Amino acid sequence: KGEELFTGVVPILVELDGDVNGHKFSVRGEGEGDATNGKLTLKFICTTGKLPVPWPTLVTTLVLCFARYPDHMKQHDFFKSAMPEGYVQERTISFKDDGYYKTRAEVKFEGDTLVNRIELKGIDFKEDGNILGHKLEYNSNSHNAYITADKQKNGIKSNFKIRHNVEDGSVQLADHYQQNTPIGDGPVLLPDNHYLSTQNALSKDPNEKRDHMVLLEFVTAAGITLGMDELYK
């Protein structure tokens, strides 16, 4: 079924339209995903000029179908099971002592390309806070995010805390509440409780004048006891 679409390297397109305290922006990303290795490589451009929020605060918004699920966990991979029809991914991201993002994305195949199309609205931010004031370091801590099935909506949900490094040495909490539900009507896998382990490397393209982010990301599923029965099938 859907997971057969990810056995090779798959081109990715990301399109985001954002509006944070009335500061509007657009981001376009392109690259490729290698779910066999759990690997994503993308370059993102702010096509509207200057990004009015820090690039790290957008990493989680800017394709969990590229996670590497170990063989003994292939039956808990909701994200690939919804493909190619796709899923809707919705989040509220509450920054502590600051504003919040609300995001709605559609992740689905358009032709041969896996497309992530996002609408983001940000509200109640401090114009001199860590977000609109650009006081966050250009990096992304490694992080584990717990997945649970949402049977009553036929999808998954997850809540997790992102800890952004502030340039003074403090930490800015971004509390994520996330919900995913399939777009099509076909069968989806509802996972047992598990987590995704994520690492992110952020860099710059020397030849790129525009405001941009080069991202390498690894996502690997874990947390389901690989017992001795699975070692004999």
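Position 1 is the first residue in the sequence shown; the rest follow in order.
J.: Residues without coordinates, deposited sequence, stretch from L42 to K43: is the count none, 1 to 3, 4 to 9, or 10 or more?
T.: Gap between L42 and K43: none.
J.: Out of 222-230 and 4-12, which stretch has the higher average CA B-factor listed in the record?
T.: Between 4-12 and 222-230, it is 222-230 that shows the higher mean C-alpha B-factor.
J.: Averaging only over Cα atoms, indicate whether 167-175 or 48-56 has the higher B-factor in the PDB entry.
T.: Mean B over CA atoms: larger for 167-175.
J.: Using only the C-alpha B-factors in the record, can you name which of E106, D77, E119, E137 has the highest?
T.: It is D77.
J.: Among the modelled residues of its chain, does the C-alpha B-factor of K157 lie in the lowest, middle or highest third?
T.: Tercile = highest for this residue's CA B-factor.
J.: Among all modelled residues of this chain, ranked by Cα B factor, put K151 in the bottom, middle or top third, i.e. lowest, middle or highest.
T.: As the PDB entry reports it, the C-alpha B-factor of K151 lands in the highest third of its chain.
J.: Splitting the chain's C-alpha B-factors into thirds, which one does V188 fall into?
T.: Highest third, going by the recorded CA B-factors of the chain.
J.: Lowest, middle or highest third of the chain for the C-alpha temperature factor of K102?
T.: Within its chain, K102 is a middle-third residue by C-alpha B-factor, going by the deposited values.
J.: What third of the chain, by the recorded C-alpha B-factor, contains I93?
T.: Bottom third by C-alpha B-factor.
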